[PDB]
């Protein structure tokens, strides 16, 4: 009768999803994220766990996805959009309040874990989740457990510089854009939704956003088509480098751009030219649990020891 609770904590709302032992969602509830004080934040979360416990007559396990640093070396959380909890030992405090092992991970790792636990995808030991949306990020999952790395940096694909073969493709004068992290040329600024739009403007001198370019592509516009071919080629070159070091069985692509089917259907054929001769491309799939993934991944933190 084990139940798995998963919280997706964002700047606006705290979303709880409750899953049974077969990973099916049984109940959902969302409340506003308190920003006023840590005590109000702790209560928002604990009251939801208590409500679920009462509703299902069980002590559910509790997993939580955080957009930031879940637990530093000393046990401290840091998240820009969750000021009420930042600087606090969230994991320890919630664990004491709920008398159970509350587990935390970042939102990109929860996204990857949610996909790795899709019924069909559990057959793949090593799953790489790639998010192409507001930013670029992701995570790595091995045998159903996320690989967090020393500081929850594993899977920060958006912050690896363009490889030199991107200059061979685009020209050596291709702009190396300044990233928010401070480096020059991070792939996030070419492959995110904004990067996709920037690349269009770079070639065509028109300020269209991704939806608009996609609309033109669907209507058969020649520029939009030429733009998408370049984007896909650049995505492939960048992925060639990542896949050569990670070698995942499955690459699942999520985020806003993943709704553009060309990104997951026309990518596989472009990979072999950037992979080792003896390498096989990973299976490539569009994410299957967009909306519910934050809650699923958080809940799934308790599916492994």
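Residue numbers count along the first chain shown, from 1.
Just going by the entry, 20-28 versus 277-285 on mean CA temperature factor gives the higher value to 20-28.
Between the stretches 94-102 and 112-120, it is 94-102 that shows the larger average CA temperature factor. As recorded in the entry, 225 carries the highest CA temperature factor of 194, 161, 225, 178. Out of 166, 82, 132, 142, it is 82 whose C-alpha atom has the highest B-factor in the PDB entry. Residue 33: CA B factor lies in the highest third for its chain, per the PDB record.
Sort the chain's modelled residues by C-alpha temperature factor and residue 255 lands in the middle third, per the entry. Looking at the C-alpha B-factors along this chain, the one for residue 183 belongs to the middle third. Among the modelled residues of its chain, residue 199 has a C-alpha B-factor that falls in the middle third, as given in the PDB entry. In this PDB entry, residue 136 carries a Cα temperature factor that places it within the middle third of its chain's modelled residues.
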